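The structure tokens that follow cover one protein chain in two forms, given apart as structure 1 and structure 2.
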Structure 1
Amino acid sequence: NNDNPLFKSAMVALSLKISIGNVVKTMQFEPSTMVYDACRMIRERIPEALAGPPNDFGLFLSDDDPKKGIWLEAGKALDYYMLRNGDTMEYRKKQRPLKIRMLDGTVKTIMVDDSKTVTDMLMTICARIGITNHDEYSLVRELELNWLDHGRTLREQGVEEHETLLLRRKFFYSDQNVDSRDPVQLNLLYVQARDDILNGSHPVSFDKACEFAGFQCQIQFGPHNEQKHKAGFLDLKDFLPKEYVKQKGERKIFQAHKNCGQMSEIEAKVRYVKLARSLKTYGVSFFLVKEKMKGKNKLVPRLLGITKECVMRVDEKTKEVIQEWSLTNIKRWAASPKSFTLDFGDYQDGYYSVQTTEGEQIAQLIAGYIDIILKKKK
């Protein structure tokens, strides 16, 4: 029959499981101990806590849902974090590798502070690669679902440490014309404009899609040859946006192909890019939203486009621009996980309020473009 001189009431001390890799040791802490001081105590008891410069490590509270794990701040007391006996804390390197696909398509690993937001990590990336204007870039996933809120963490958006992200330049309209004199740059502009049309991010009419595909045939096959380029030849999924992949499109495409004549590969690329740049939809960020129409119960899908100068409504079928508002004439906006609303003050009667799961994306684009206009005046 013996007493334990180590015993402290469960009410007056915190008993925490400290994990380092595969090692776990249970340690007792005064609850007011600051995180910084708890790290020192950990270094005094667990040898694997000495695996580097001491200020390289901190405390991370894990959770069965990884989105809910959090880094603890060095100046906070343990009991700030509402810890209970038997909770687990990881003694963890503050910096971790983050794999980023560079603008040349290769993947580079960059150490980032794992407690920070996506904006902070972007800035660290841009600093490493000599990019001063980080506001021209963003990080996206490479899985709609690839958008990242740069004011939040990767962790809370479901991005774990294994995942490679993409550094992506934002869209800017070109100050130079489309020439034939720089074939390598021409091909880059063509591939960009073509992929945007084929993957639906640049929405176009059915007629225009078949015109683009006509130039595409000229580029890929040379001049039209009625011996070879007959019904059934084209894999239409490679020449038309998904919603236009229909057999009746091939005849339209072959007409556009024939109309190119003996046009060279370079000349067709110039024409393809010029046709894309000629459309009111070119360069616009589009979102499929659901509108409430006066005198109709079922909502109507509509394309909502955001540019550096305006918001536009675009017909989902014909891609006709139905209506355009200048960013200058928007009084305020609001977003929720289910809807997005614009208030135009006395420029019109009633708000524009639509159902969408991308409302925060839309709001951040508008705010970003407005801050740019606002920053040129001051």
Structure 2
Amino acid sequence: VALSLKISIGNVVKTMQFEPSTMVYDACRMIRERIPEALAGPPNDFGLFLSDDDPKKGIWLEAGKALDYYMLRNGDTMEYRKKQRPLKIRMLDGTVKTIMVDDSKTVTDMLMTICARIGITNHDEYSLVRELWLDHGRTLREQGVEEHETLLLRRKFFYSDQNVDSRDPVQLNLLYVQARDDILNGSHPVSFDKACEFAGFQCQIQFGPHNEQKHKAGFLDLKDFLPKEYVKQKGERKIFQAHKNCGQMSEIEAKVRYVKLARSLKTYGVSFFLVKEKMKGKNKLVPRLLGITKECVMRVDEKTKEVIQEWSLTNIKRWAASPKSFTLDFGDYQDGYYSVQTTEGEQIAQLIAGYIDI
């Protein structure tokens, strides 16, 4: 009724007899009394390990369990193996530190050990991330992480303001979809540079961190990532440099950065109309974007989205629509009406009237 188990240590294999109820912690002691190789380091740096052809499936025995918890049988082998191994962690400043960690611990337990060595007490404001997602309640080993891999130390993201809250993913996703769709469909006009910035975050959100082997030329369908007017361009390299610049940023940080970026623009929350300006004495017309808000009218370059002129709504003296044009009269504020060619004049006139009313 004794269990006869082969103990492997280095190149030694010695069969020892154990009662099936022997606690692992006592079994380790027993081994340390009999094989000098077992004394290579302190007891807490070693344990018993059952290997598997799949390295992911080898398991460390728990000190406080009995051997028979593990269903051990006569002729099985247990390895008395060092738990401590060196793990490369990327710090926040980009440098890489090599820290001794216990292979039998969960990611969470290691992270606590890691933080304490570098002087961080709030270990739960951090997570570890892999270099090509880790459950922090499982071990690195069982998740297929190989010992030569570097992990990154990443601070959990928190941001909130009057507009967005990183703690409420549902609401955040509503605001992100709205801002993104308005940008993709041209409702919110943006420069090419800003479109490509937005699309970098979009890539981060849809694909995760940039992967140079997979996220290569011709990977994106640019019609899904840029306003139409920018598809006829070399946008992909610009988008991927923005994507890359996101590093290991979480999906929620990326959404928050997208929404804040959209709200920072002069053009955000403005109702836009695509109109044309007549050029005196010439046939050409010049496209322009005309924007209206509760506080102002803006004249915006159709290409660059620069605001080239702006007026307060309180400066309008009168305004007039016809079936082909729309005209603003600013009276003594400036010399000359602003008139534009458009078939949407009634609708512009109506938006203005509504704002002036209040």
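Basically, rigid core = biggest C-alpha set you can superpose within 1.5 Å across the two forms. Please note that residue numbering is based on structure 1, beginning with 1 at the start of its sequence.
Superposed on the rigid core, the two forms differ between structure 1 and structure 2 by 2 Å or more at the C-alpha of one listed residue only; from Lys208, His229, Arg92, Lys252 that residue is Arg92. Superposed on the core, the two forms differ at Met82: its CA moves 2 Å or more between structure 1 and structure 2.
After superposition on the rigid core, the Cα atom of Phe60 is displaced by 2 Å or more between structure 1 and structure 2. Once the cores line up, the CA of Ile362 ends up less than 2 angstroms apart between structure 1 and structure 2. Its Cα shifted by 2.0 Å, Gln176 is compared between structure 1 and structure 2 on a rigid core fit.
We note a C-alpha movement of 63.5 Å at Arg128 between structure 1 and structure 2, with the rigid core held in register. Summarising the core-aligned comparison between structure 1 and structure 2, the C-alpha atom of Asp346 is found to shift 0.6 Å.
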